[PDB]
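We've got the same protein chain twice here, in two forms, each standing alone as structure tokens: structure 1 and structure 2.
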Structure 1
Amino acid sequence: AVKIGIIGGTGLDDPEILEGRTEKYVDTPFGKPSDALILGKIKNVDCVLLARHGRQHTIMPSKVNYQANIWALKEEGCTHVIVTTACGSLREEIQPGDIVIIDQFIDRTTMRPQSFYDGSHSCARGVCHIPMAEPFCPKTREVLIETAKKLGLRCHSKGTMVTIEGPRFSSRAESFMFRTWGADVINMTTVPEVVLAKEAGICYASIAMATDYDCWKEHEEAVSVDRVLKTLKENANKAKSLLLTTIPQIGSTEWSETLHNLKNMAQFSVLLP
């Protein structure tokens, strides 16, 4: 039975789209999630919506309670999580407005708990060393890629996201350096969200929309909040459409072996006395 957690879903919380809408404020061993969980059916698939920075956005990416968010989604029975994120492009070929179905990350965060198994929570006892060779769920990504093609969307089938601590944007020297490291897009939220989802045995995938060229690129306006917001206003409809069309495809795909292997990977990553 699939249940899809949706983070950043802007704007699936719509009475025309979400049937049987119900709201829930949960607590977790790691504190309160960023917002209420919004439950319902989208195209007859059970979904759980969670706004990442709250309903009226008051949280720097550094302070988002990623642990509580993922724990809550796991506790609701989510088998999948699909997230949407804006990002900067570090490659000429990834133009603003393009979607990138990211398949790797590079962590540049510093302040962030990245495990449930922190020695202080008896619902997550021991030490977990989760594999990150393939951080994003391949089958979900394939569906996203296929669906984007059908919709005629500008879409890149792979990409490496560098997640910076923020909340500042990168310097130009940083932007150039990230390019030499192999990063293709840049954001502030993929890590540790993706890591925690893997620990929880959840199939996680990300829809990244490029909104700017960061500040590496000749002749473009360098990134700012207004440049990001402007591109999202002109393009964010694309991510919503991609998600809407993807959800029922996930609902009608077979998952038991994928989910079993994720469960095993998570279980056998934990060391006990």
Structure 2
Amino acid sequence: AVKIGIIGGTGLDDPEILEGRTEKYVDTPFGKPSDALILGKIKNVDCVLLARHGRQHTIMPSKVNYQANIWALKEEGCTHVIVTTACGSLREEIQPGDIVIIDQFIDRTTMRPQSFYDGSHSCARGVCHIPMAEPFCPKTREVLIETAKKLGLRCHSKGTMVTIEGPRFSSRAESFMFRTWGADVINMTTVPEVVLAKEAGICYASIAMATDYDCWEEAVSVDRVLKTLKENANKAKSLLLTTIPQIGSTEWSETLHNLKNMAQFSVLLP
């Protein structure tokens, strides 16, 4: 049995996506999640929705409690976590409105805890060095890619997301630099969300929505980002609604088992 956690990003966290909704505030050893968990279903699949920045978008990327958010979803029984994230495009072929099923990331954050194993919680003892060669769940990404195709949506099958600390946008020198490093899209929230999900043994995948071209001719601004999201939000919603039932009808025993082992054996006990 699967349970899909859904973390909604900027202008992409609509609760109306789930049926039979029930609000549930929880606490974790790492503090409170961004907002209440929204329990519900898409067809016959159990889901748990969570607004990354709070339902009123009051939490900046740097201060999102990534540990609490992932912990709460795991505790609720989530086997999978599919998220949405607005991002800047660093490639001409990735136009605003396009969806990018990212498969890699480049960390540029500097003040964020990236592990549950900080030796402050008995629930997570030891030193954990989680592998990051393949940060995102390939099976889920495959379904997302095929579903986007079935929906006729402009979608990119791979992409490297560079995550900056923020809250400021990048300078032009940084923008051009990230391009040389191989980054394809840019945001402020992928890391450490994807890292903690890995440590928790959860299949994590991300629906990245290009909302601008950053500044590498109209430079990025908050208004430009919100406008693009307003015009394209429906795509991510349709993708999630169509993808989730497919996930709930496939086999994951071996996939989840492997993630469990990788996470477990990454821990160095005293």
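C-alpha atoms forming the largest set that superposes within 1.5 Å between two forms make up the rigid core. Shifts are known only where both forms have a C-alpha. FYI, numbering is relative to structure 1, first residue = 1.
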task = Please check if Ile17 moves between structure 1 and structure 2, taking a CA shift of 2 Å or more relative to the superposed core as movement.
result = yes
inquiry  = If the core is used for the superposition, what shift in Å does the C-alpha of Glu234 show between structure 1 and structure 2?
reply    = 1.1
request  = Sticking with residues common to both forms, list the runs of three or more in a row where every CA moves 2 angstroms or more between structure 1 and structure 2, core superposed.
outcome  = 9 to 20
